[PDB]
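Q: mmCIF, N, CA and C atoms, file my_file.cif:
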```
data_final
loop_
_atom_site.label_atom_id
_atom_site.label_comp_id
_atom_site.auth_asym_id
_atom_site.auth_seq_id
_atom_site.Cartn_x
_atom_site.Cartn_y
_atom_site.Cartn_z
N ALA C 924 -45.61 49.23 -1.52
CA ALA C 924 -45.28 48.84 -2.88
C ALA C 924 -44.33 47.64 -2.90
N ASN C 925 -43.30 47.61 -2.05
CA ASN C 925 -42.41 46.45 -1.95
C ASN C 925 -43.12 45.20 -1.44
N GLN C 926 -44.09 45.35 -0.54
CA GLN C 926 -44.89 44.24 -0.03
C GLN C 926 -45.77 43.62 -1.12
N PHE C 927 -46.43 44.40 -1.96
CA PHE C 927 -47.16 43.88 -3.11
C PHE C 927 -46.23 43.21 -4.13
N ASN C 928 -45.13 43.86 -4.50
CA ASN C 928 -44.18 43.39 -5.51
C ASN C 928 -43.52 42.07 -5.10
N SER C 929 -43.14 41.93 -3.83
CA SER C 929 -42.60 40.70 -3.24
C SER C 929 -43.65 39.60 -3.11
N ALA C 930 -44.88 39.92 -2.72
CA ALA C 930 -45.98 38.96 -2.66
C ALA C 930 -46.38 38.41 -4.03
N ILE C 931 -46.37 39.23 -5.09
CA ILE C 931 -46.60 38.79 -6.47
C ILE C 931 -45.47 37.87 -6.96
N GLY C 932 -44.21 38.14 -6.60
CA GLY C 932 -43.11 37.21 -6.84
C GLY C 932 -43.32 35.85 -6.17
N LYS C 933 -43.82 35.84 -4.93
CA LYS C 933 -44.23 34.62 -4.22
C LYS C 933 -45.45 33.92 -4.84
N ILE C 934 -46.42 34.64 -5.41
CA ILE C 934 -47.51 34.02 -6.17
C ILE C 934 -46.96 33.34 -7.42
N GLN C 935 -46.03 33.97 -8.14
CA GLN C 935 -45.41 33.35 -9.31
C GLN C 935 -44.69 32.05 -8.95
N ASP C 936 -43.86 32.08 -7.90
CA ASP C 936 -43.10 30.91 -7.46
C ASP C 936 -44.03 29.80 -6.98
N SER C 937 -45.04 30.11 -6.17
CA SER C 937 -46.00 29.12 -5.66
C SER C 937 -46.76 28.44 -6.79
N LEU C 938 -47.31 29.22 -7.73
CA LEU C 938 -48.07 28.69 -8.86
C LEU C 938 -47.20 27.89 -9.84
N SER C 939 -45.92 28.24 -10.00
CA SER C 939 -44.99 27.49 -10.86
C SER C 939 -44.41 26.24 -10.17
N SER C 940 -44.34 26.21 -8.83
CA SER C 940 -43.75 25.09 -8.07
C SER C 940 -44.72 23.97 -7.71
N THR C 941 -45.96 24.28 -7.33
CA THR C 941 -46.93 23.26 -6.89
C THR C 941 -47.84 22.81 -8.03
N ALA C 942 -47.88 21.51 -8.30
CA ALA C 942 -48.70 20.93 -9.38
C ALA C 942 -50.21 20.99 -9.08
N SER C 943 -50.59 20.82 -7.81
CA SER C 943 -51.97 20.85 -7.32
C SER C 943 -52.53 22.25 -7.01
N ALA C 944 -51.76 23.32 -7.23
CA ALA C 944 -52.18 24.70 -6.97
C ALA C 944 -53.53 25.09 -7.62
N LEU C 945 -53.79 24.61 -8.85
CA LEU C 945 -55.04 24.87 -9.57
C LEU C 945 -56.04 23.70 -9.46
N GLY C 946 -55.95 22.91 -8.39
CA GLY C 946 -56.76 21.72 -8.19
C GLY C 946 -58.25 21.96 -8.40
N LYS C 947 -58.78 23.15 -8.06
CA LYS C 947 -60.20 23.50 -8.30
C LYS C 947 -60.61 23.50 -9.77
N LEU C 948 -59.71 23.83 -10.69
CA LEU C 948 -59.94 23.73 -12.14
C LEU C 948 -59.51 22.38 -12.70
N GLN C 949 -58.45 21.80 -12.16
CA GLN C 949 -58.07 20.45 -12.53
C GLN C 949 -59.19 19.46 -12.21
N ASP C 950 -60.00 19.69 -11.17
CA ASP C 950 -61.17 18.85 -10.89
C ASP C 950 -62.26 18.94 -11.97
N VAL C 951 -62.33 20.03 -12.75
CA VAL C 951 -63.28 20.16 -13.86
C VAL C 951 -62.87 19.29 -15.03
N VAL C 952 -61.59 19.33 -15.41
CA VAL C 952 -61.02 18.48 -16.46
C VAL C 952 -61.03 17.01 -16.04
N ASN C 953 -60.68 16.71 -14.80
CA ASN C 953 -60.70 15.36 -14.26
C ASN C 953 -62.11 14.79 -14.17
N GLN C 954 -63.11 15.54 -13.69
CA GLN C 954 -64.51 15.08 -13.67
C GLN C 954 -65.06 14.82 -15.07
N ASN C 955 -64.79 15.70 -16.03
CA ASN C 955 -65.22 15.48 -17.41
C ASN C 955 -64.49 14.31 -18.06
N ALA C 956 -63.21 14.09 -17.76
CA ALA C 956 -62.47 12.93 -18.26
C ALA C 956 -63.02 11.60 -17.72
N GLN C 957 -63.35 11.52 -16.43
CA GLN C 957 -63.94 10.32 -15.82
C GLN C 957 -65.37 10.09 -16.29
N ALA C 958 -66.15 11.15 -16.46
CA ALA C 958 -67.52 11.07 -16.94
C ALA C 958 -67.60 10.64 -18.40
N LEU C 959 -66.81 11.24 -19.28
CA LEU C 959 -66.74 10.87 -20.69
C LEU C 959 -66.05 9.52 -20.90
N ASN C 960 -65.05 9.18 -20.09
CA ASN C 960 -64.45 7.85 -20.12
C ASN C 960 -65.42 6.76 -19.67
N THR C 961 -66.24 6.98 -18.64
CA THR C 961 -67.30 6.03 -18.26
C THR C 961 -68.38 5.96 -19.33
N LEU C 962 -68.77 7.11 -19.89
CA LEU C 962 -69.76 7.18 -20.96
C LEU C 962 -69.34 6.37 -22.20
N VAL C 963 -68.08 6.44 -22.65
CA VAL C 963 -67.59 5.58 -23.75
C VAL C 963 -67.35 4.15 -23.30
N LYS C 964 -66.74 3.92 -22.14
CA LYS C 964 -66.44 2.56 -21.65
C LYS C 964 -67.69 1.69 -21.60
N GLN C 965 -68.82 2.24 -21.14
CA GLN C 965 -70.12 1.55 -21.09
C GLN C 965 -70.69 1.11 -22.44
N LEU C 966 -70.15 1.54 -23.58
CA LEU C 966 -70.57 1.01 -24.88
C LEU C 966 -70.02 -0.40 -25.15
N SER C 967 -68.96 -0.80 -24.44
CA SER C 967 -68.35 -2.14 -24.43
C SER C 967 -68.98 -3.10 -23.43
N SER C 968 -69.79 -2.59 -22.50
CA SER C 968 -70.54 -3.38 -21.53
C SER C 968 -71.69 -4.12 -22.22
N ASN C 969 -71.92 -5.38 -21.83
CA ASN C 969 -72.97 -6.19 -22.45
C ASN C 969 -74.37 -5.81 -21.97
N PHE C 970 -74.53 -5.36 -20.73
CA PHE C 970 -75.83 -5.11 -20.08
C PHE C 970 -76.77 -6.33 -20.04
N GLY C 971 -76.21 -7.54 -20.12
CA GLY C 971 -76.95 -8.80 -20.25
C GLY C 971 -77.12 -9.32 -21.68
N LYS W 537 -60.16 8.00 -47.68
CA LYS W 537 -61.60 8.19 -47.85
C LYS W 537 -62.34 7.55 -46.69
N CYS W 538 -63.50 8.11 -46.36
CA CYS W 538 -64.41 7.48 -45.41
C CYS W 538 -65.06 6.28 -46.07
N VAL W 539 -64.80 5.08 -45.54
CA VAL W 539 -65.24 3.84 -46.15
C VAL W 539 -65.65 2.86 -45.06
N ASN W 540 -66.44 1.86 -45.46
CA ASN W 540 -66.82 0.76 -44.58
C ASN W 540 -65.76 -0.32 -44.72
N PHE W 541 -65.05 -0.59 -43.63
CA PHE W 541 -63.94 -1.53 -43.65
C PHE W 541 -64.24 -2.75 -42.79
N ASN W 542 -63.71 -3.90 -43.23
CA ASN W 542 -63.73 -5.10 -42.40
C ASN W 542 -62.31 -5.67 -42.44
N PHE W 543 -61.55 -5.43 -41.38
CA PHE W 543 -60.13 -5.76 -41.31
C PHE W 543 -59.88 -6.54 -40.04
N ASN W 544 -59.21 -7.69 -40.17
CA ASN W 544 -58.88 -8.54 -39.03
C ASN W 544 -60.13 -8.97 -38.27
N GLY W 545 -61.26 -9.03 -38.97
CA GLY W 545 -62.54 -9.29 -38.33
C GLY W 545 -63.19 -8.09 -37.67
N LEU W 546 -62.63 -6.89 -37.84
CA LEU W 546 -63.16 -5.68 -37.20
C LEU W 546 -63.95 -4.91 -38.25
N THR W 547 -65.28 -4.95 -38.13
CA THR W 547 -66.15 -4.26 -39.07
C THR W 547 -66.49 -2.88 -38.54
N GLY W 548 -66.37 -1.87 -39.40
CA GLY W 548 -66.74 -0.52 -39.02
C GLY W 548 -66.56 0.43 -40.19
N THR W 549 -67.02 1.65 -39.98
CA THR W 549 -66.95 2.71 -40.98
C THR W 549 -66.00 3.80 -40.48
N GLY W 550 -65.09 4.21 -41.35
CA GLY W 550 -64.12 5.22 -40.97
C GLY W 550 -63.21 5.55 -42.13
N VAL W 551 -62.39 6.57 -41.92
CA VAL W 551 -61.41 7.00 -42.91
C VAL W 551 -60.14 6.18 -42.72
N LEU W 552 -59.62 5.64 -43.82
CA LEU W 552 -58.44 4.77 -43.79
C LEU W 552 -57.22 5.61 -44.15
N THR W 553 -56.34 5.82 -43.18
CA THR W 553 -55.18 6.69 -43.34
C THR W 553 -53.91 5.95 -42.92
N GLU W 554 -52.79 6.42 -43.46
CA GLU W 554 -51.50 5.84 -43.13
C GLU W 554 -50.93 6.49 -41.88
N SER W 555 -50.19 5.70 -41.10
CA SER W 555 -49.56 6.20 -39.89
C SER W 555 -48.19 5.55 -39.72
N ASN W 556 -47.43 6.07 -38.76
CA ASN W 556 -46.08 5.61 -38.48
C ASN W 556 -46.03 4.71 -37.24
N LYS W 557 -47.19 4.35 -36.70
CA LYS W 557 -47.26 3.54 -35.49
C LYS W 557 -46.48 2.24 -35.69
N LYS W 558 -45.68 1.88 -34.69
CA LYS W 558 -44.81 0.70 -34.76
C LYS W 558 -45.59 -0.48 -34.20
N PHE W 559 -45.83 -1.48 -35.04
CA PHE W 559 -46.46 -2.71 -34.61
C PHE W 559 -45.45 -3.85 -34.56
N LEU W 560 -45.49 -4.61 -33.47
CA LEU W 560 -44.66 -5.80 -33.39
C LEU W 560 -45.24 -6.90 -34.28
N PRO W 561 -44.41 -7.81 -34.77
CA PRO W 561 -44.91 -8.83 -35.71
C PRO W 561 -46.12 -9.59 -35.20
N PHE W 562 -46.23 -9.80 -33.89
CA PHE W 562 -47.30 -10.61 -33.32
C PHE W 562 -48.50 -9.80 -32.87
N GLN W 563 -48.48 -8.48 -33.04
CA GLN W 563 -49.59 -7.63 -32.63
C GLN W 563 -50.33 -7.09 -33.84
N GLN W 564 -51.53 -7.63 -34.07
CA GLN W 564 -52.25 -7.45 -35.32
C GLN W 564 -53.02 -6.14 -35.41
N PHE W 565 -53.67 -5.69 -34.34
CA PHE W 565 -54.44 -4.46 -34.38
C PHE W 565 -54.39 -3.77 -33.03
N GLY W 566 -54.53 -2.44 -33.06
CA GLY W 566 -54.30 -1.62 -31.89
C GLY W 566 -55.58 -1.25 -31.17
N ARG W 567 -55.46 -0.67 -29.97
CA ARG W 567 -56.60 -0.13 -29.26
C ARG W 567 -56.20 1.17 -28.56
N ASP W 568 -57.17 2.07 -28.42
CA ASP W 568 -56.95 3.35 -27.77
C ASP W 568 -57.35 3.27 -26.29
N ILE W 569 -57.34 4.42 -25.61
CA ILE W 569 -57.67 4.46 -24.19
C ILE W 569 -59.05 3.87 -23.92
N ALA W 570 -59.99 4.00 -24.86
CA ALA W 570 -61.33 3.47 -24.70
C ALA W 570 -61.45 2.02 -25.15
N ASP W 571 -60.33 1.39 -25.52
CA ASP W 571 -60.34 0.00 -25.99
C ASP W 571 -61.12 -0.13 -27.30
N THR W 572 -61.00 0.89 -28.16
CA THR W 572 -61.65 0.92 -29.45
C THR W 572 -60.59 1.02 -30.54
N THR W 573 -60.98 0.64 -31.76
CA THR W 573 -60.03 0.55 -32.86
C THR W 573 -59.46 1.93 -33.17
N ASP W 574 -58.14 2.06 -33.05
CA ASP W 574 -57.41 3.24 -33.51
C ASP W 574 -56.60 2.97 -34.76
N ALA W 575 -55.69 2.01 -34.73
CA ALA W 575 -54.91 1.63 -35.90
C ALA W 575 -54.95 0.12 -36.04
N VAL W 576 -54.92 -0.35 -37.29
CA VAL W 576 -54.98 -1.77 -37.60
C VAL W 576 -53.85 -2.11 -38.56
N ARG W 577 -53.62 -3.42 -38.71
CA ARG W 577 -52.71 -3.95 -39.72
C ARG W 577 -53.50 -4.67 -40.80
N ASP W 578 -52.91 -4.77 -41.98
CA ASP W 578 -53.55 -5.45 -43.09
C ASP W 578 -53.59 -6.95 -42.84
N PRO W 579 -54.77 -7.57 -42.73
CA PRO W 579 -54.81 -9.03 -42.57
C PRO W 579 -54.29 -9.79 -43.78
N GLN W 580 -54.30 -9.19 -44.97
CA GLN W 580 -53.86 -9.88 -46.17
C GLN W 580 -52.34 -9.82 -46.32
N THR W 581 -51.80 -8.61 -46.45
CA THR W 581 -50.37 -8.39 -46.65
C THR W 581 -49.80 -7.67 -45.45
N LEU W 582 -48.53 -7.29 -45.54
CA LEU W 582 -47.86 -6.56 -44.46
C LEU W 582 -48.04 -5.07 -44.72
N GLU W 583 -48.86 -4.44 -43.88
CA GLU W 583 -49.12 -3.01 -44.01
C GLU W 583 -49.80 -2.54 -42.73
N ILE W 584 -49.56 -1.27 -42.38
CA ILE W 584 -50.12 -0.67 -41.17
C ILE W 584 -51.05 0.45 -41.60
#
```
Rewrite the structure of this file - the entire thing - as structure tokens.
A:
Amino acid sequence: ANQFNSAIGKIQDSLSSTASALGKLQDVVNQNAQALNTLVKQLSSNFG
Amino acid sequence: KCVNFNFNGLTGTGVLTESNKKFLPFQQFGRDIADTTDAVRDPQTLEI
């Protein structure tokens, strides 16, 4: 019980301290931001 | 109201609303992250 309770305290500290901890979900927001930003940016492109 | 506007040579359709955005005297119209019209200044009189 102390091993679980102490390990959950370490999960709280790790997730609150590291900005890249959720990088697998941040890649979903980042991919959609780059995709939608390219999708809008290309409306300003002349295409010839 | 949603209206067709032509301001500072920028023609488009949109709702014309007031904002608190600070424009410098020499900066006539604004752009957003996509380089598209977000806020403009009145080409006739002094207004944002």
Q: Evaluate the PyMOL selection byres ((chain W) within 8 of (chain C)) and record the selected residues as number ranges by chain, following the chain and residue labels used in the document.
A: W: 569-571
Q: Could you save those same residues with N, CA and C atoms as a PDB file, keeping the file's coordinate frame?
A:
```
ATOM      1  N   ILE W 569     -57.340   4.420 -25.610  1.00  0.00           N
ATOM      2  CA  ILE W 569     -57.670   4.460 -24.190  1.00  0.00           C
ATOM      3  C   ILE W 569     -59.050   3.870 -23.920  1.00  0.00           C
ATOM      4  N   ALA W 570     -59.990   4.000 -24.860  1.00  0.00           N
ATOM      5  CA  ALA W 570     -61.330   3.470 -24.700  1.00  0.00           C
ATOM      6  C   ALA W 570     -61.450   2.020 -25.150  1.00  0.00           C
ATOM      7  N   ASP W 571     -60.330   1.390 -25.520  1.00  0.00           N
ATOM      8  CA  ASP W 571     -60.340   0.000 -25.990  1.00  0.00           C
ATOM      9  C   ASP W 571     -61.120  -0.130 -27.300  1.00  0.00           C
TER      10      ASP W 571
END
```
Q: What gap, in Å, lies between atom N of residue 548 in chain W and CA of residue 564 in chain W?
A: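 We find that atom N of residue 548 in chain W and CA of residue 564 in chain W lie 15.7 Å from each other.
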Q: Determine the residue membership of the PyMOL selection byres ((chain W and resi 576) around 6.5) for the file above and supply it as a PDB file with N, CA and C atoms, keeping the file's coordinate frame.
A:
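And here's out.pdb as it stands now:
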```pdb
ATOM      1  N   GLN W 564     -51.530  -7.630 -34.070  1.00  0.00           N
ATOM      2  CA  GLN W 564     -52.250  -7.450 -35.320  1.00  0.00           C
ATOM      3  C   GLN W 564     -53.020  -6.140 -35.410  1.00  0.00           C
ATOM      4  N   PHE W 565     -53.670  -5.690 -34.340  1.00  0.00           N
ATOM      5  CA  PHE W 565     -54.440  -4.460 -34.380  1.00  0.00           C
ATOM      6  C   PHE W 565     -54.390  -3.770 -33.030  1.00  0.00           C
ATOM      7  N   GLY W 566     -54.530  -2.440 -33.060  1.00  0.00           N
ATOM      8  CA  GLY W 566     -54.300  -1.620 -31.890  1.00  0.00           C
ATOM      9  C   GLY W 566     -55.580  -1.250 -31.170  1.00  0.00           C
ATOM     10  N   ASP W 574     -58.140   2.060 -33.050  1.00  0.00           N
ATOM     11  CA  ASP W 574     -57.410   3.240 -33.510  1.00  0.00           C
ATOM     12  C   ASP W 574     -56.600   2.970 -34.760  1.00  0.00           C
ATOM     13  N   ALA W 575     -55.690   2.010 -34.730  1.00  0.00           N
ATOM     14  CA  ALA W 575     -54.910   1.630 -35.900  1.00  0.00           C
ATOM     15  C   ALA W 575     -54.950   0.120 -36.040  1.00  0.00           C
ATOM     16  N   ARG W 577     -53.620  -3.420 -38.710  1.00  0.00           N
ATOM     17  CA  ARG W 577     -52.710  -3.950 -39.720  1.00  0.00           C
ATOM     18  C   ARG W 577     -53.500  -4.670 -40.800  1.00  0.00           C
ATOM     19  N   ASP W 578     -52.910  -4.770 -41.980  1.00  0.00           N
ATOM     20  CA  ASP W 578     -53.550  -5.450 -43.090  1.00  0.00           C
ATOM     21  C   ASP W 578     -53.590  -6.950 -42.840  1.00  0.00           C
ATOM     22  N   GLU W 583     -48.860  -4.440 -43.880  1.00  0.00           N
ATOM     23  CA  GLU W 583     -49.120  -3.010 -44.010  1.00  0.00           C
ATOM     24  C   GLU W 583     -49.800  -2.540 -42.730  1.00  0.00           C
ATOM     25  N   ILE W 584     -49.560  -1.270 -42.380  1.00  0.00           N
ATOM     26  CA  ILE W 584     -50.120  -0.670 -41.170  1.00  0.00           C
ATOM     27  C   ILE W 584     -51.050   0.450 -41.600  1.00  0.00           C
TER      28      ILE W 584
END
```
Q: Restricting the calculation to only N, CA and C atoms: of W:572, W:561, W:582, W:551, which residue gets closest to residue 538 in chain W?
A: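 For residue 538 in chain W, the nearest of the candidates is W:551.
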Q: Provide the atom N of residue 581 in chain W to atom N of residue 544 in chain W distance in Å, to one decimal place.
A: 9.8 Å
Q: As a list in words, please: every residue in chain W that DSSP puts in strand (DSSP E).
A: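 So, restricting chain W to strand (DSSP E), we get residues 538, 539, 540, 541, 542, 543, 546, 547, 548, 549, 550 and 551 of chain W.
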Q: Please produce a file of those selected residues containing N, CA and C atoms, as a short mmCIF file (atom, residue, chain, number, x, y, z; two decimals), in the coordinates of the input.
A:
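Dumped to again-v7.cif:
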```cif
data_model
loop_
_atom_site.label_atom_id
_atom_site.label_comp_id
_atom_site.auth_asym_id
_atom_site.auth_seq_id
_atom_site.Cartn_x
_atom_site.Cartn_y
_atom_site.Cartn_z
N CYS W 538 -63.50 8.11 -46.36
CA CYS W 538 -64.41 7.48 -45.41
C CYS W 538 -65.06 6.28 -46.07
N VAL W 539 -64.80 5.08 -45.54
CA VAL W 539 -65.24 3.84 -46.15
C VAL W 539 -65.65 2.86 -45.06
N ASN W 540 -66.44 1.86 -45.46
CA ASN W 540 -66.82 0.76 -44.58
C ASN W 540 -65.76 -0.32 -44.72
N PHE W 541 -65.05 -0.59 -43.63
CA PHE W 541 -63.94 -1.53 -43.65
C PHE W 541 -64.24 -2.75 -42.79
N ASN W 542 -63.71 -3.90 -43.23
CA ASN W 542 -63.73 -5.10 -42.40
C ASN W 542 -62.31 -5.67 -42.44
N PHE W 543 -61.55 -5.43 -41.38
CA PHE W 543 -60.13 -5.76 -41.31
C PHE W 543 -59.88 -6.54 -40.04
N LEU W 546 -62.63 -6.89 -37.84
CA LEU W 546 -63.16 -5.68 -37.20
C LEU W 546 -63.95 -4.91 -38.25
N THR W 547 -65.28 -4.95 -38.13
CA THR W 547 -66.15 -4.26 -39.07
C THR W 547 -66.49 -2.88 -38.54
N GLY W 548 -66.37 -1.87 -39.40
CA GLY W 548 -66.74 -0.52 -39.02
C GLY W 548 -66.56 0.43 -40.19
N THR W 549 -67.02 1.65 -39.98
CA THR W 549 -66.95 2.71 -40.98
C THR W 549 -66.00 3.80 -40.48
N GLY W 550 -65.09 4.21 -41.35
CA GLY W 550 -64.12 5.22 -40.97
C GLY W 550 -63.21 5.55 -42.13
N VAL W 551 -62.39 6.57 -41.92
CA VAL W 551 -61.41 7.00 -42.91
C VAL W 551 -60.14 6.18 -42.72
#
```
Q: Please compute the atom C of residue 952 in chain C-atom N of residue 557 in chain W distance, one decimal, in Å.
A: 27.9 Å
Q: Could you write out, as a PyMOL selection string, all the residues of chain C that DSSP marks as helix (DSSP H, G or I)?
A: chain C and resi 925-940+946-964
